[PDB]
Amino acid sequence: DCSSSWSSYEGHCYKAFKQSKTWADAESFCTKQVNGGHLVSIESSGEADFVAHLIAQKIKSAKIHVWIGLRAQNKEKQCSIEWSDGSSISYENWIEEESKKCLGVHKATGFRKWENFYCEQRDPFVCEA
């Protein structure tokens, strides 16, 4: 059973929101909507279909993407260890928006393929409980 306006699939309740927020804010927002809420996690094909269709119902734009609950924990800009020449990384010149450690799905792939995005972008999302 799910709260009014939430949809269910395999014992879980899902909900798409049009309001745009950063990845961290969406996650935080989802925790406050329902106990145990988080950004959706996709653990199978079946769930991928359900979620893709769920999203497609409310989100019609391609100007933005939809946040999903997968993200790189590391605080560094990259996780490898060295350059191809073997030397270590001891100087970076990254463009903030260029480090894409949060994932989202876009309309162009039918909201299925996981694409990398800069975590601070404001975008719609989906909560799962």
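Start at 1 with the first residue shown and count on from there.
S.K.: Using the B-factors recorded in the PDB entry, average over the C-alpha atoms of 37 to 45 and of 56 to 64, then report which stretch comes out higher.
M.R.: Taking the mean B-factor of the alpha carbons in each, 56 to 64 is higher.
S.K.: Give the stretch, out of 78 to 86 and 26 to 34, with the larger mean C-alpha temperature factor in the deposited entry.
M.R.: So the stretch with the higher mean C-alpha B-factor is 78 to 86.
S.K.: Would you mind finding, among 107, 12, 21, 113, the residue with the largest C-alpha temperature factor in the entry?
M.R.: When the deposited C-alpha B-factors of 107, 12, 21, 113 are compared, 12 is largest.
S.K.: Lowest, middle or highest third of the chain for the C-alpha temperature factor of residue 70?
M.R.: Its C-alpha B-factor belongs to the middle third of this chain's values.
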